[PDB]
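J.: Contents of target.cif (mmCIF, C-alpha atoms and all ligand atoms):
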data_structure
#
loop_
_atom_site.label_atom_id
_atom_site.label_comp_id
_atom_site.auth_asym_id
_atom_site.auth_seq_id
_atom_site.Cartn_x
_atom_site.Cartn_y
_atom_site.Cartn_z
CA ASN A 1 85.16 6.75 31.46
CA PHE A 2 88.81 7.52 32.19
CA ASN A 3 90.69 4.52 33.54
CA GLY A 4 87.60 3.32 35.43
CA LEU A 5 86.51 6.82 36.45
CA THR A 6 83.01 7.44 35.17
CA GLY A 7 81.15 10.76 34.90
CA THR A 8 79.56 13.33 32.58
CA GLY A 9 80.68 16.80 31.56
CA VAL A 10 82.51 19.04 29.10
CA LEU A 11 86.19 18.30 28.55
CA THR A 12 88.82 20.85 27.56
CA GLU A 13 92.61 21.24 27.53
CA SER A 14 93.71 22.26 31.02
CA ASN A 15 96.07 25.04 32.06
CA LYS A 16 96.67 23.26 35.37
CA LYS A 17 100.36 22.53 35.87
CA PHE A 18 100.27 18.89 36.90
CA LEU A 19 103.50 17.27 38.01
CA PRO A 20 104.41 13.97 36.23
CA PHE A 21 103.22 11.79 39.11
CA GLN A 22 99.77 13.39 39.25
CA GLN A 23 96.81 11.76 37.47
CA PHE A 24 93.88 13.91 38.62
CA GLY A 25 92.68 16.81 40.77
CA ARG A 26 89.73 17.23 43.16
CA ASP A 27 87.35 19.99 44.28
CA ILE A 28 86.07 20.81 47.78
CA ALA A 29 83.10 18.52 47.11
CA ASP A 30 85.53 15.60 46.73
CA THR A 31 84.64 15.38 43.05
CA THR A 32 87.26 15.05 40.30
CA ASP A 33 87.69 18.24 38.27
CA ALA A 34 90.72 17.37 36.15
CA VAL A 35 92.25 14.19 34.75
CA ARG A 36 95.25 12.93 32.83
CA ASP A 37 94.41 11.09 29.63
CA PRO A 38 95.84 7.59 30.02
CA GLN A 39 97.06 7.50 26.44
CA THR A 40 98.18 10.95 25.44
CA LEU A 41 99.01 12.10 28.99
CA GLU A 42 97.17 15.36 28.28
CA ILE A 43 95.57 17.12 31.23
CA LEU A 44 91.87 17.84 30.78
CA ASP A 45 89.50 20.11 32.70
CA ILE A 46 86.15 18.67 33.73
CA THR A 47 83.07 20.80 34.08
CA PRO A 48 79.49 19.49 34.10
CA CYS A 49 77.09 20.42 31.27
CA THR B 1 100.83 -28.33 38.78
CA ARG B 2 101.74 -27.77 42.42
CA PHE B 3 100.40 -25.43 45.09
CA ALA B 4 101.96 -24.01 48.24
CA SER B 5 101.07 -24.91 51.80
CA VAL B 6 98.94 -22.58 53.90
CA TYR B 7 101.77 -21.83 56.34
CA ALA B 8 103.99 -20.78 53.44
CA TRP B 9 101.40 -19.30 51.09
CA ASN B 10 102.61 -18.16 47.66
CA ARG B 11 102.28 -14.62 46.28
CA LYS B 12 102.13 -13.79 42.58
CA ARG B 13 102.09 -10.16 41.44
CA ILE B 14 99.96 -9.25 38.42
CA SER B 15 100.73 -6.03 36.58
CA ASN B 16 101.18 -4.22 33.26
CA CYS B 17 98.42 -6.19 31.52
CA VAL B 18 94.74 -6.58 30.63
CA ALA B 19 92.53 -8.84 32.75
CA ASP B 20 89.47 -10.83 31.67
CA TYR B 21 87.52 -11.85 34.78
CA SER B 22 84.65 -13.18 32.67
CA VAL B 23 86.49 -16.50 32.43
CA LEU B 24 86.70 -16.74 36.21
CA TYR B 25 83.32 -15.65 37.55
CA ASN B 26 81.37 -17.56 34.97
CA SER B 27 83.39 -20.72 35.58
CA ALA B 28 81.60 -23.81 36.89
CA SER B 29 84.85 -25.18 38.35
CA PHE B 30 84.77 -23.04 41.50
CA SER B 31 83.01 -24.02 44.72
CA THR B 32 83.54 -20.59 46.28
CA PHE B 33 83.75 -17.13 44.69
CA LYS B 34 83.24 -14.43 47.28
CA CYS B 35 84.03 -10.74 46.60
CA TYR B 36 84.36 -7.96 49.13
CA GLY B 37 84.04 -4.26 48.28
CA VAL B 38 83.39 -5.04 44.61
CA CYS B 39 81.00 -6.89 42.29
CA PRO B 40 82.66 -9.58 40.05
CA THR B 41 80.32 -8.65 37.20
CA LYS B 42 81.44 -5.02 37.40
CA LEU B 43 85.09 -5.90 37.98
CA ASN B 44 85.39 -6.41 34.22
CA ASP B 45 85.67 -2.69 33.53
CA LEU B 46 87.65 -1.45 36.52
CA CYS B 47 91.37 -0.56 36.73
CA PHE B 48 93.98 -1.15 39.44
CA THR B 49 97.57 -0.23 40.27
CA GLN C 1 85.29 60.66 53.71
CA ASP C 2 88.64 60.68 55.50
CA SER C 3 87.46 58.33 58.23
CA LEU C 4 86.18 55.73 55.79
CA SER C 5 89.37 56.04 53.73
CA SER C 6 91.46 55.18 56.79
CA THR C 7 89.40 52.57 58.68
CA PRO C 8 89.29 48.97 57.29
CA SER C 9 86.82 47.83 59.99
CA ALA C 10 84.29 50.63 59.44
CA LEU C 11 81.87 48.51 57.42
CA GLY C 12 82.02 45.31 59.48
CA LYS C 13 78.22 45.24 59.78
CA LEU C 14 77.89 44.65 56.05
CA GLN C 15 80.97 42.47 55.74
CA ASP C 16 79.67 40.09 58.40
CA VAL C 17 76.57 39.38 56.34
CA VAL C 18 78.70 38.55 53.33
CA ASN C 19 80.97 36.35 55.43
CA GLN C 20 78.20 34.47 57.22
CA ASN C 21 76.48 33.60 53.96
CA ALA C 22 79.74 32.51 52.33
CA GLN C 23 80.55 30.26 55.35
CA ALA C 24 77.11 28.63 55.17
CA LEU C 25 77.42 27.82 51.47
CA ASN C 26 80.96 26.53 51.76
CA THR C 27 79.95 24.37 54.71
CA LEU C 28 77.09 22.91 52.70
CA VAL C 29 79.34 22.03 49.77
CA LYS C 30 81.99 20.46 52.02
CA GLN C 31 79.33 18.10 53.40
CA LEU C 32 79.33 16.44 49.98
CA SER C 33 82.72 15.05 51.01
CA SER C 34 81.15 13.25 53.96
CA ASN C 35 80.71 9.47 53.94
CA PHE C 36 77.93 9.41 56.54
CA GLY C 37 78.85 5.77 57.13
CA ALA C 38 78.98 4.85 53.44
CA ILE C 39 81.98 3.21 51.76
CA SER C 40 82.58 6.40 49.80
CA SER C 41 81.43 10.01 49.63
CA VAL C 42 81.37 9.69 45.86
CA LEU C 43 78.07 8.37 44.57
CA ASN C 44 79.57 7.13 41.32
CA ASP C 45 82.09 4.99 43.22
CA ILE C 46 79.23 3.14 44.86
CA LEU C 47 77.34 2.64 41.60
CA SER C 48 80.43 1.50 39.67
CA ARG C 49 81.59 -1.04 42.27
CA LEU C 50 78.44 -2.53 43.81
CA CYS C 51 75.13 -3.97 42.22
CA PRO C 52 71.66 -2.82 43.16
CA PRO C 53 70.96 -4.77 46.47
CA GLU C 54 74.07 -3.46 48.27
CA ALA C 55 74.33 -0.12 46.52
CA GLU C 56 70.94 1.00 47.79
CA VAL C 57 72.09 0.62 51.38
CA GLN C 58 75.18 2.72 50.71
CA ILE C 59 73.16 5.30 48.80
CA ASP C 60 70.57 5.55 51.57
CA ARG C 61 73.37 6.56 53.94
CA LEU C 62 74.48 9.37 51.66
CA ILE C 63 70.91 10.51 51.07
CA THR C 64 70.17 10.60 54.79
CA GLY C 65 73.27 12.67 55.52
CA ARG C 66 72.91 14.99 52.53
CA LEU C 67 69.24 15.60 53.24
CA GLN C 68 70.10 16.39 56.86
CA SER C 69 72.85 18.78 55.72
CA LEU C 70 70.47 20.64 53.44
CA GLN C 71 67.74 20.86 56.07
CA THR C 72 70.29 22.38 58.44
CA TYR C 73 71.30 24.93 55.81
CA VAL C 74 67.74 26.03 55.06
CA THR C 75 66.79 26.36 58.73
CA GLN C 76 69.81 28.59 59.31
CA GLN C 77 68.94 30.69 56.27
CA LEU C 78 65.41 31.23 57.56
CA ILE C 79 66.70 32.37 60.94
CA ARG C 80 69.32 34.60 59.33
CA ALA C 81 66.72 36.00 56.93
CA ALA C 82 64.50 37.00 59.83
CA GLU C 83 67.34 38.98 61.40
CA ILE C 84 68.07 40.75 58.12
CA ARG C 85 64.38 41.53 57.68
CA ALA C 86 64.29 43.25 61.07
CA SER C 87 67.37 45.25 60.10
CA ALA C 88 65.70 46.26 56.83
CA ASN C 89 62.56 47.23 58.73
CA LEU C 90 64.61 49.51 60.95
CA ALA C 91 66.40 51.02 57.96
CA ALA C 92 63.07 51.76 56.29
CA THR C 93 61.85 53.49 59.45
CA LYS C 94 64.99 55.62 59.61
CA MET C 95 64.60 56.59 55.98
CA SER C 96 61.09 57.84 56.77
CA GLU C 97 61.81 59.48 60.11
CA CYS C 98 65.45 60.80 59.67
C1 LIG A 101 100.75 4.49 24.99
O1 LIG A 101 101.63 4.10 23.98
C2 LIG A 101 102.55 5.16 23.69
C3 LIG A 101 103.45 4.75 22.55
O2 LIG A 101 102.66 4.40 21.41
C4 LIG A 101 103.35 5.57 24.95
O3 LIG A 101 104.16 6.71 24.66
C5 LIG A 101 102.38 5.92 26.09
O4 LIG A 101 103.12 6.32 27.25
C6 LIG A 101 101.42 4.72 26.39
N1 LIG A 101 100.53 5.12 27.47
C7 LIG A 101 100.53 4.44 28.61
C8 LIG A 101 99.61 4.82 29.71
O5 LIG A 101 101.35 3.51 28.78
#
Let me see the structure of the file written as structure tokens.
T.:
Amino acid sequence: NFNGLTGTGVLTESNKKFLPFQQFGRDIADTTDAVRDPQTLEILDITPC
Amino acid sequence: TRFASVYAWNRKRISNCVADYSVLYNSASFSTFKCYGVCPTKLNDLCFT
Amino acid sequence: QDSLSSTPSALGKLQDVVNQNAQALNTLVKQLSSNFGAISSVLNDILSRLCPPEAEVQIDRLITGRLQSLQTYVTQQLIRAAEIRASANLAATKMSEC
């Protein structure tokens, strides 16, 4: 649960170059596939299990 | 102690804080408590800008 | 050998099959972004915001649309498969007779 965003999957460090104002990314299915950790500001990849 | 008129309603902005809605929804002091687009019992773990 | 090496469009018959299948799958996935009348295309948004009596109505709308989208996909695949089968049947005949 990231800042109210709930889901399940494997989390890893992302190589996606987010700009400072960006909190998350989305796929073509309108699902979130990357988030910014609200404490460490690290970008994480999200893939289901 | 005092409240604004309806023609000149007052706006207070809430930000940069943690909110406990459990004190509000479970209060017996309210005659009306109607939510739209969200459940008050689930509001207690959501985030907003 | 020289003709194939100099003509990008030579194998369109095979490329079209690849393209048509890719466009059907991508279309199917994109339908997951559809609301179908629901408050959100995202199922988790519905479950996180609303309780069971009102969530079920919103979920039913997504189920109806997503089921319809999948039925459309499968019907198209069956029709497309039949066309490919006929092509394969012709190819098998040519192998035997040519
Ligand atoms: C969390 O606190 C740290 C300092 O301890 C700060 O650098 C960071 O930006 C805070 N995160 C948020 C979202 O405010």
J.: Figure out the distance between atom CA of residue B:37 and atom CA of residue C:28, please, to one decimal in Å.
T.: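 Value for the atom CA of residue C:28-atom CA of residue B:37 distance: 28.4 Å.
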J.: May I have the residues of chain A within 9 Å of chain C, counting all atoms listed in the file, written as a ChimeraX atom specification?
T.: /A:4-7,28-31
J.: Rank nothing, just name the residue among A:25, A:20, A:9, A:38 nearest to ligand LIG 101 (chain A), using only C-alpha atoms and all ligand atoms.
T.: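 Of all the options, A:38 lies closest to ligand LIG 101 (chain A).
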J.: Please report as a count of residues only which residues of chain C come no farther than 9 Å from chain B, using all atoms listed in the file.
T.: 5
J.: Compute the set of protein, DNA and RNA residues whose minimum atom distance to ligand LIG 101 (chain A) is at most 10 Å, using all atoms listed in the file, and state it as a PyMOL selection string.
T.: (chain A and resi 3+36-41) or (chain B and resi 16)
J.: Please produce a file of those selected residues containing C-alpha atoms, as a PDB file, in the frame of the given file.
T.:
ATOM      1  CA  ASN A   3      90.690   4.520  33.540  1.00  0.00           C
ATOM      2  CA  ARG A  36      95.250  12.930  32.830  1.00  0.00           C
ATOM      3  CA  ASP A  37      94.410  11.090  29.630  1.00  0.00           C
ATOM      4  CA  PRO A  38      95.840   7.590  30.020  1.00  0.00           C
ATOM      5  CA  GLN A  39      97.060   7.500  26.440  1.00  0.00           C
ATOM      6  CA  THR A  40      98.180  10.950  25.440  1.00  0.00           C
ATOM      7  CA  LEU A  41      99.010  12.100  28.990  1.00  0.00           C
TER       8      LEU A  41
ATOM      9  CA  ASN B  16     101.180  -4.220  33.260  1.00  0.00           C
TER      10      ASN B  16
END
J.: What's around residue A:24 at 7 Å? Count all atoms listed in the file, leave out sequence neighbours fewer than 5 positions away in its own chain, and write the answer as a PyMOL selection string.
T.: chain A and resi 32+34-36
J.: Just to confirm, what's the straight-line distance from atom CA of residue C:2 to atom CA of residue C:87 in Å (one decimal)?
T.: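 It comes out at 26.7 Å.
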J.: What's the separation between atom CA of residue B:23 and atom CA of residue B:3, in Å to one decimal place?
T.: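 Atom CA of residue B:23 sits 20.8 Å away from atom CA of residue B:3.
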J.: Contacts of residue C:72 at 12 Å or less, counting all atoms listed in the file, minus same-chain residues fewer than 5 places along, as a list in words?
T.: residues 24, 25, 27, 28, 31, 65, 66, 67, 77, 78 and 79 of chain C
J.: So which residues touch residue A:12 within 9 Å, counting all atoms listed in the file, skipping near sequence neighbours fewer than 2 positions away, as number ranges by chain?
T.: A: 10, 14, 43-47
J.: Selection from above, C-alpha atoms, as a short mmCIF file (atom, residue, chain, number, x, y, z; two decimals), in the coordinates of the input, can you write it?
T.:
data_model
loop_
_atom_site.label_atom_id
_atom_site.label_comp_id
_atom_site.auth_asym_id
_atom_site.auth_seq_id
_atom_site.Cartn_x
_atom_site.Cartn_y
_atom_site.Cartn_z
CA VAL A 10 82.51 19.04 29.10
CA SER A 14 93.71 22.26 31.02
CA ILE A 43 95.57 17.12 31.23
CA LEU A 44 91.87 17.84 30.78
CA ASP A 45 89.50 20.11 32.70
CA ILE A 46 86.15 18.67 33.73
CA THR A 47 83.07 20.80 34.08
#
J.: Nearest to chain B: which of A:11, A:42, A:19, A:1 is it, counting all atoms listed in the file?
T.: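 Result for the nearest residue to chain B: A:1.
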J.: Which protein, DNA or RNA residues are at most 12 Å from (74.0, 38.3, 57.3) in the file's coordinates when you count all atoms listed in the file, listed as a list in words?
T.: residues 12, 13, 14, 15, 16, 17, 18, 19, 20, 21, 22, 23, 24, 76, 77, 78, 79, 80, 81, 82, 83, 84, 85, 86, 87 and 88 of chain C
